[PDB]
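The structure appears below as structure tokens.
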Amino acid sequence: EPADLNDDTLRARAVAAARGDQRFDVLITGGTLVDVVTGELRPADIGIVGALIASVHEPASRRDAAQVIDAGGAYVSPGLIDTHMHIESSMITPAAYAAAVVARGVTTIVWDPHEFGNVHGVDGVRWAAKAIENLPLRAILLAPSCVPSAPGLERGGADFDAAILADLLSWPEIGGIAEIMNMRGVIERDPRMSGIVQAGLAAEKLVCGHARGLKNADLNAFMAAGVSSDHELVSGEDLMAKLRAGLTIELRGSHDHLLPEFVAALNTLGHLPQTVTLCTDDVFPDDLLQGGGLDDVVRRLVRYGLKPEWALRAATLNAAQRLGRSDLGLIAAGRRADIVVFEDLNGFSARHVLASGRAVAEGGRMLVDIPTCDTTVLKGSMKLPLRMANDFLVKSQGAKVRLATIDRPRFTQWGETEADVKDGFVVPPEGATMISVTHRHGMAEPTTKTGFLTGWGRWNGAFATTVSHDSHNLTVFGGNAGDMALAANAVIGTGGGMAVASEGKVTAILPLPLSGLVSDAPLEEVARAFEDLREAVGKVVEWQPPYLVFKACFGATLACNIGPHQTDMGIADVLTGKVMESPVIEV
Amino acid sequence: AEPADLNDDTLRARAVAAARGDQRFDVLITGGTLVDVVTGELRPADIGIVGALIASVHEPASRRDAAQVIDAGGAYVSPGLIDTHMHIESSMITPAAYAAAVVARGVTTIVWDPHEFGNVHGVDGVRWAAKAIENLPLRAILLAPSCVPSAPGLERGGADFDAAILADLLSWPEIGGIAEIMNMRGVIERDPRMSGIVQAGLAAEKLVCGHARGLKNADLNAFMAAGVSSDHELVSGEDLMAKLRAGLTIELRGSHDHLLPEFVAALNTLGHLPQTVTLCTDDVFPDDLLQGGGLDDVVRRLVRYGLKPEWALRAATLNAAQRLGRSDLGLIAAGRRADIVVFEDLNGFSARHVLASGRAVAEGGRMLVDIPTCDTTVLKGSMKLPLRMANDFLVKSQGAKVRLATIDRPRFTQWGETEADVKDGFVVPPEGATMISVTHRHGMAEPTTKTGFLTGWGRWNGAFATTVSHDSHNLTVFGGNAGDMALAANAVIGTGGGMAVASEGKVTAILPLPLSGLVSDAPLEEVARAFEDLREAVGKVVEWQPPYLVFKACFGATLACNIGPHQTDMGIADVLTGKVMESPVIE
Ligand SMILES: [Mn+2]
Ligand SMILES: [Mn+2]
Ligand SMILES: [Mn+2]
Ligand SMILES: [Mn+2]
Ligand SMILES: [Mn+2]
Ligand SMILES: [Mn+2]
């Protein structure tokens, strides 16, 4: 690709059909074309020969095709393109991800496999490549750039230097470097991050960014280095600033409450900037099943008042432009027939989906087989023995200690509190929730490291997860050691996943036997298990939106973020490079 | 070597350090209102530049930090202009002199199809083009001439390009794709030669640029199914709308002043600037270049006719950079190339400053740097034929009376027939008829002057000889008498090529074009001034009737690929039948 489009026999045939001398393979008839260049909705029929669109012409003027697809009463769009996403967050395999989003009209994704990368390293990125190769969904890979996210502060399953990055950039499956979240290293010209960027520039592929909270001087410096896109948009003003700065915007639907501000900001401008694309970022399996993938970013934007023509152009032509793929994103003679027929421009229900000229879905149902990929290398990734309640408690000598605390959910700061000591162990003080992290990849000693969170409500029980961005070590939150050991051991035994315990019983398990990140069960089952897990965790603790929510359970160990975080090494501070081994300050 | 030149480690470290505030900029542009071509806003900003890079776009007056400060106070800051389809040869001057004119007006990149030198000298001509642009402050991306000669077997130029030659040209790093394919029919009909040429463009993965004059509907679909992806030949506002709907890159040209109203209306009515619209000059005479002059004048005229400055500049910068796959161009943003023009306002587009790759190249309409010239040797000596005589211009026949074929009407050529007396040994030019005599002048054939009889060209009390005659450029002479035709013809032969007027036994004006017969090595001032006088002298010989019976018609009468009869160096050509009439005498 796109040399498959350029075959002489296929071109002669596409041209002869366009001419009216040969029939199409496929005619899409009676539809209204979403013309993503002019923004018009206009009747046209579509003539397709093999993987090419051969003609865009007057309704009902041709009737000669091997196959006719009825778009009467409906709308014809280029298939949708997601510019930034992670299959792993949906908790299923790439084949199951494909069956879900292709039936919804998604024909191209840009997949940063950094979760698999942190677990299995380069073999992770290889599995991802293998797994996409014969899907009806095109998947362009990005090379994970920050593994682990904070070198020297945490240990995942892998470590990627400038050389590993250059080697991944050499792969034809890899379309650039995946979101660079070590912003300081780029801006301050740290050797490792700078070597990675330089590799990205030397390969002449995309260098994708994570620019959360970057403003003014810092952003100019992030872009001067070569970082050229961002999805970490925190507000309508942030969007405008980032547009003005000249970044390609990867507009995500994963923070839904921000979509109305994005819409108001763009409507105030009066035109959709050609640098705006859409992406899903990280979609949970229940939201994937019920809402959708990239199609739901289109649907939600429109729901919030963005013209369906702007939503679609962002999801098609602008994204193809970003990707340098002038075969994609546009229903035009000479382009690839990745096409979706939508019942209307509010529900975006896909009546038909073609990928490279072949009908692959109808009415929400796959019409073709999706090849699976052997998952063996992903199994057996929990490499630690079962935990003891005492794994969760902190040893100390005296009878009263000063304790460092990790203060506030999400916007973390150093705290301090007091605690009694009994039986050689510290006594979980009032207002504190334990966070315990254990290296589970076998690259380090499996020693449970426990910290004391503050501002996380009162936990009556525990939650264990093997999804824990980005090191994905075994991570347990709890109100008492006993329930933390039940939850931990349940996910160890299933080979990874999530579990809730309360009052000496395990109340919910979601098995994620692949890498501790995903499951091979069908989406419907993973979705339902996830809702039940959310139900069960809800009985353990009262959420206080926003910030003190369930999702915060997967981000507490993300060591590259500002402020203290508990990791599998201790409490980490990226600003100093200091890992605190024990939380006991004194006594 | 671009854009790897931007990617050097020590340059990027310095750009990053400067953006951060730890090191100074090499250049600051201060006080200006930035034209943000992404957002469509005119918004105050200052610009910081390191080496070839824009290192920073920041709050006005926040940095004073620079090796040189360039003042934009009271003015507008824009990306340098990009011209997506043009021919230096039309302006009758060298690429160095063209560079001097347009650089000083803020045009920093041109896309040049050198098919005039190509038809005259073949590959050596394309080769001389690449050499001459090498170290100009003007970037020029070359396109490979696609149609040489324009209509094989109907005319003879100085060269013949098949698919193998195209494939060779396409491997040059200087070549950005295939130049305007004007043999539309050979593409639509899958002619073997045209098809191999296109297939060679698809195989190189470079641009395939079109000429799609009068193509509609099925024929337009076929031309694009072949892979042709841009056009500049827009015949109306509705043709503009239909080519935009069809998904072509538009090369919106100013070479046809009278359509601009239609184009502006169709775009204003649409209500946004589609991102596929770019601007081009196509063919600019030296007087228009000098008074006008280049891609700046296309912005300037569109604005004056009612296009928003913001759209005109977007088309001139970002949209072209996207078409060209050059994400270092077309936008003032940190991490892109510092090609920048500062405009006094958005009505005059007067260029206060111009920078190229971070270097101030022009100020106040004057060049600040040396423009290197190129050895013109290969272009000399291109008139390969003996002097003409009266008799070269008369048609030898046998009877007393004769049925004569005529070429009726200028521009919209159509077959005619008239009666003519034969005085002595030659046809006597019938009343209302003007001679067109064309002689092969490249030495690929005998220099036999081939004579036809035009109708609808006024009455000629004299002759005009030209060695510029699209696209084969043979010696082309128009006139009412043979002695005046001889003299005009021999004048331009004697100078090595050019244009001359003769009337009543006297040459009234001569413009030498000793370089290929197409251009001169004299300053633009002189060429422009000679060209005006030449126009004045020809006005004395025949009375024009706009449009159509105009002086420019004299340079398009032999273009054989156009529908309708045309005198060529071989006889009367007709691309509809594939036939050459060697004598105008039917009977
Ligand atoms: Mn991110
Ligand atoms: Mn992400
Ligand atoms: Mn992650
Ligand atoms: Mn043309
Ligand atoms: Mn042209
Ligand atoms: Mn020409």
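Naming: A, B, ... by sequence-line order, numbering from 1 per chain. Both backbone and side-chain heavy atoms feed into the values below; hydrogens, waters and symmetry mates do not. Each ligand, and each atom within it, is numbered from 1 in the order the structure gives.
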Query raised in the report: Of all residues at least two apart in sequence or in a different chain, which pass the ring-ring contact (aromatic ring centres under 6.0 Å, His included) check with B/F263?
Result: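 Partners of B/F263 under the ring-ring contact (aromatic ring centres under 6.0 Å, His included) test: none.
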Requested in this report: Using the side-chain contact (heavy atoms from CB on, under 4.5 Å) rule, pick out the option among B/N319, B/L259, B/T278, B/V277 that qualifies with B/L252.
Outcome: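 Among the candidates, only B/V277 passes.
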Query raised in the report: So among B/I88, B/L515, B/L379, B/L524, which one has a side-chain contact (heavy atoms from CB on, under 4.5 Å) with B/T94?
Result: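 That would be B/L515; it is the only one of B/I88, B/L515, B/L379, B/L524 passing the side-chain contact (heavy atoms from CB on, under 4.5 Å) with B/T94.
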For a quick test of your reading: what N or O donor-acceptor pairs under 3.5 Å do the side chains of residues 165-176 of chain B make, sequence neighbours left out?
unit_1: B/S171; atom_1: OG; unit_2: B/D168; atom_2: O; d: 2.7
unit_1: B/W172; atom_1: NE1; unit_2: B/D168; atom_2: O; d: 3.4

Requested in this report: On the 0 to 90° scale, with breaks at 30° and 60°, tag the B/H473-B/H470 ring pair as parallel, tilted or perpendicular.
Outcome: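 If you compare the ring of B/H473 with that of B/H470, the planes turn out perpendicular.
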Requested in this report: Return yes if a side-chain donor-acceptor contact under 3.5 Å exists between B/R253 and B/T84, otherwise no.
Outcome: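 Judged by distance alone, the side chains do not pair up.
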Query raised in the report: When you look at B/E180 and B/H87, which way does the side chain to side chain donor-acceptor pair (under 3.5 Å) test go after all the steps?
Result: CA-CA 11 Å; B/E180 65 164 322; B/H87 313 284; 3.3 Å; yes
Requested in this report: Return the set of protein N, O or S atoms whose distance to the Mn ion (ligand 6) is under 2.8 Å, each given as residue and atom.
Outcome: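 Those protein N, O or S atoms (cut-off: under 2.8 Å from the Mn ion (ligand 6)) are B/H115 NE2, B/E116 OE1, B/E116 OE2, B/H470 ND1, B/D471 OD1.
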Report task. Less than 2.8 Å from the Mn ion (ligand 4) is the window; count the protein N, O or S atoms in it. Result ->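 There are 4 of them.
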Query raised in the report: Knowing that exactly one of B/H211, B/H232, B/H115 qualifies, which makes a ring pair (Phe, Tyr, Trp, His ring centres under 6.0 Å) with B/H85?
Result: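 So the option named by the test is B/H232.
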Query - Distance flag, aromatic centroids of B/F551 and B/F478, threshold under 6.0 Å - result: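 No.
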